[PDB]
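Everything on this sheet refers to the single structure shown next.
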Protein chains: 2
Amino acid sequence: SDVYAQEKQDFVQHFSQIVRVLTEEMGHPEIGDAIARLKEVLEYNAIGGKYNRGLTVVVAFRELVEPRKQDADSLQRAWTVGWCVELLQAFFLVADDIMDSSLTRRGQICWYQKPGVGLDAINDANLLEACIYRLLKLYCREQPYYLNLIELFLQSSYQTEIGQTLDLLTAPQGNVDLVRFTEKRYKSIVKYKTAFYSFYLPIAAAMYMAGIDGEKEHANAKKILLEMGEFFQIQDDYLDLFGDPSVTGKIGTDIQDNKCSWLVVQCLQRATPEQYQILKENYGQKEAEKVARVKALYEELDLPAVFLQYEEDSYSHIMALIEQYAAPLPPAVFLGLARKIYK
Amino acid sequence: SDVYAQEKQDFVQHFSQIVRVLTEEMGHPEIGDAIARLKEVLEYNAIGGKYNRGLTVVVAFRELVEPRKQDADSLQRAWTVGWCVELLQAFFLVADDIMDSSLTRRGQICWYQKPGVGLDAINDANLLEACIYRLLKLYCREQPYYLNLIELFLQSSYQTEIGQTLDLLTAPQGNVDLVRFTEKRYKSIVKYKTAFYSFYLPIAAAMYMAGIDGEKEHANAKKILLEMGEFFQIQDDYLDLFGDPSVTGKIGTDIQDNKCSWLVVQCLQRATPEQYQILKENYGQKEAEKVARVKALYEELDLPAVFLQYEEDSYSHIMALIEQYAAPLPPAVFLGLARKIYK
Ligand SMILES: Cc1ccc(-c2cc3c(N[C@@H](Cc4ccccc4)P(=O)(O)O)ncnc3s2)cc1Cl
Ligand SMILES: Cc1ccc(-c2cc3c(N[C@@H](Cc4ccccc4)P(=O)(O)O)ncnc3s2)cc1Cl
Ligand SMILES: Cc1ccc(-c2cc3c(N[C@@H](Cc4ccccc4)P(=O)(O)O)ncnc3s2)cc1Cl
Ligand SMILES: Cc1ccc(-c2cc3c(N[C@@H](Cc4ccccc4)P(=O)(O)O)ncnc3s2)cc1Cl
């Protein structure tokens with residue numbers, strides 16, 4: 001019994017309540033059609049993932065709040081904030097999929113590729129962001145942690161946008177970018193692109209909902225959860241190329257799109273001058289033959305083997321960090337995450 | 001002496017302070033390059049308009065706050081919130097210009113058309129939105145009206161996104177859309193697309209900064225300022241086609257892009273069955289010959305003459321509304337706006 005698997009059904013049943021509430025703007029019929037589009041956008045975009053971000057809010061809330069203080073209303077609010085993290089994710093996916101020229105995401109066609117959508121998806125993305133603060137207001141405005149949450153969601157959006165900015169600056173389309181594919185850069189991107197919103201946001205949200213706002217207590221959780229995010233994104237980079245797309249649900253574009261991948265960084269640290277030139281001639285181009293040559297060089301440098309060795313050392317390191325920095329929180333908050341992202 | 005013309009210089013000099021403060025993330029050098037991109041985005045996007053939104057915050061603040069309560073610090077905060085409205089505008093412009101396939105805006109090439117930008121502009125737009133809440137925090141977090149402002153900016157973003165959603169649903173590319181070009185629809189779009197953020201937001205912001213949070217006092221200002229926004233957008237639609245682009249600064253795309261324009265609505269209300277078919281065969285297509293045929297039909301129905309007659313009746317109506325609903329606020333708050341948007 002994973003604490004996630006158990007709390008999942010109740011979380012998904014709540015979604016209908018989220019949608020019913022964000023569409024009922026019933027005293028405003030003039031915008032009826034727009035609420036219909038909003039409903040379509042949520043059903044397509046916020047559904048069909050494993051929900052691990054939002055569930056993490058709901059799990060962590062159960063582990064942190066004295067069970068006497070778990071009234072039906074307090075639960076609603078945890079389900080909602082969890083959903084708020086999912087909406088945040090759906091905002092970044094919809095928009096990132098346009099920017100990266102993605103085909104597919106979680107097994108179906110990307111929202112912007114659906115006929116009759118295209119660049120209108122920009123506006124659709126923006127609405128998904130809007131919906132967060134509409135829910136925080138409708139469910140948490142009388143709560144003492146309300147402002148803390150609003151500030152947490154916006155700070156998380158700013159840091160992800162900063163991370164996306166680095167990702168894009170490091171990966172100019174059409175140009176040879178290998179010079180700027182460094183470890184220092186790589187760590188910076190993933191810290192800001194992924195780690196803050198995927199790991200810190202959901203735990204931090206639950207922490208606040210439990211009246212734990214201590215600056216040192218948020219610093220210490222952050223110190224664990226950012227390293228968890230670093231490993232997670234390194235695995236996302238690994239699976240972008242070597243994953244099984246009946247599992248990953250998406251096609252890898254990192255080579256064609258010219259991304260500062262963990263893989264390309266590792267490959268640069270190991271290449272002969274000769275191998276550098278294979279990579280230089282083949283990386284960052286839409287041609288299937290050139291993406292194949294890169295995968296072949298990665299496999300010749302046994303990077304999948306280097307990834308397996310990093311997944312080992314990372315697990316040990318992360319565990320040593322939960323020793324150092326979990327207290328006073330139940331270690332189970334952290335361990336439940338580690339269980340979910342190391343197979 | 002327009003109260004706007006006078007307060008302008010001081011407002012623009014402040015911009016350098018906005019940029020210095022949002023880039024000084026000086027204890028975070030790893031994201032240096034991203035702050036550089038942020039700086040470029042602000043200089044290109046938030047500069048070269050007439051600033052009327054943001055100035056309206058600063059004017060209204062002077063008219064509403066007892067001059068004893070106008071300390072140097074209280075001014076900084078008014079300049080900042082004003083700038084916050086400008087950043088909001090710059091967010092919607094950058095993104096709307098991608099969606100509408102705009103060439104130019106305020107006399108220069110659209111940000112997304114600049115070589116090496118393209119769809120990365122989506123992320124750039126998102127950062128401009130982020131910057132608002134970064135400034136509200138840095139300048140207003142200790143103020144009693146802080147939450148009121150955060151809620152005001154987000155509500156304004158949601159209503160604009162709803163309005164954009166209606167605009168897009170009413171204007172499907174490739175299809176004949178004349179059926180859905182009604183007055184009821186037209187008014188709904190502009191209320192939500194333009195009026196809330198262009199008129200209500202800046203006055204409402206100043207009102208809050210002056211401790212005026214009364215529900216009836218915000219209802220009454222809103223009642224005036226939304227009708228001002230309706231007229232403003234009807235004039236924006238008129239100038240989209242009949243404007244002087246050394247004045248308007250932008251090329252009109254409303255015909256090619258298939259927009260529920262005031263012009264197309266008025267034209268539909270007046271056409272012979274025959275003229276309907278000219279419009280039906282020529283509206284919503286990229287071909288210069290078909291956009292020319294539409295302008296010719298508009299000119300044959302003396303719509304520019306109908307626009308002049310509406311600009312008359314609107315001015316009278318708006319003035320009768322400031323009679324009814326300005327109190328207890330100085331009428332000058334409202335009149336200063338009317339002066340700025342009727343020539
Ligand atoms: C979460 C997690 C998931 C998978 C692993 C794996 C480790 C490993 C392995 N490790 C050897 C070392 C190794 C061998 C080949 C390639 C990389 C490392 P060992 O340390 O001698 O057991 N050899 C073959 N397959 C595997 S899978 C470790 C962890 Cl901590
Ligand atoms: C904060 C957070 C963010 C994302 C996740 C995800 C985990 C996961 C997954 N994990 C599987 C395990 C796993 C499979 C392959 C590689 C790594 C872990 P599970 O054990 O079925 O949950 N399999 C597919 N997609 C995802 S997304 C988990 C968390 Cl706690
Ligand atoms: C803010 C503002 C800006 C311009 C106008 C104009 C009105 C008008 C006009 N009005 C005539 C009526 C009219 C004539 C032709 C076309 C439309 C209306 P009138 O009422 O007899 O003076 N005839 C020619 N030119 C103009 S410009 C009115 C307003 Cl209150
Ligand atoms: C809330 C708000 C939003 C936008 C505006 C704008 C006004 C304006 C303008 N007005 C000129 C007058 C004018 C010119 C043509 C048509 C209408 C008014 P001005 O008198 O020089 O300020 N000329 C070009 N662009 C703009 S944008 C003003 C406000 Cl008080």
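So that the names make sense, note that chain A is the first sequence line, chain B the second, and so on, each numbered from 1. Side chains included, hydrogens not; waters and symmetry mates left out as well; all remaining heavy atoms used. All ligand and atom numbering here is 1-based and tracks the order in the structure.
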Inset, instruction - May I ask you to list the atoms of ligand 3 that are less than 4.0 angstrom from any heavy atom of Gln309(B)? - result: 18 (C)

Legend entry - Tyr186(A) and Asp237(A): side chain donor to acceptor below 3.5 Å: yes

Legend entry - Qualifying residue, where the test is side chain to side chain donor-acceptor pair (under 3.5 Å) with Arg105(A) and the options are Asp96(A), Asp97(A), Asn45(A): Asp97(A)

Inset, instruction - Go through the side-chain N and O atoms of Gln233(B) and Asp236(B) and say whether any donor and acceptor fall under 3.5 Å apart. - result: yes

Legend entry - Polar contact flag, side-chain donor to acceptor under 3.5 angstrom, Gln89(A)-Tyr197(A): yes

Legend entry - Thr56(B) and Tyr4(B) side chains, donor-acceptor separation under 3.5 Å: yes

Legend entry - Which of the ligand 4 atoms, numbered from 1, are nearer than 4.0 Å to a heavy atom of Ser198(B): 1 (C)

Inset, instruction - Using a strict 4.0 Å cut-off to heavy atoms of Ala305(B), name the atoms of ligand 3 that fall inside it. - result: 16 (C), 17 (C)

Inset, instruction - Give the numbers and elements of all ligand 4 atoms closer than 4.0 Å to a heavy atom of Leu337(B). - result: 30 (Cl)

Legend entry - Mutual orientation of the aromatic rings belonging to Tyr51(A) and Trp83(A) [parallel < 30°, tilted 30-60°, perpendicular > 60°]: tilted

Inset, instruction - Give the numbers and elements of all ligand 2 atoms closer than 4.0 Å to a heavy atom of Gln235(A). - result: 16 (C), 17 (C)

Legend entry - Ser246(B) versus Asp244(B), side-chain donor and acceptor atoms under 3.5 Å: yes

Inset, instruction - Using a strict 4.0 Å cut-off to heavy atoms of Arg53(B), name the atoms of ligand 4 that fall inside it. - result: 3 (C), 4 (C)

Legend entry - Ligand-residue contact atoms, ligand 3 with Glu312(B), heavy atoms, under 4.0 Å: 20 (O), 28 (C), 30 (Cl)

Inset, instruction - State the atoms of ligand 2, each with its element, that fall below the 4.0 Å cut-off from a heavy-atom position in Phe232(A). - result: 4 (C), 5 (C), 6 (C)

Inset, instruction - With heavy atoms under 4.0 Å as the rule, classify the contact between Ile341(B) and ligand 4 as side chain, backbone, both or neither. - result: both

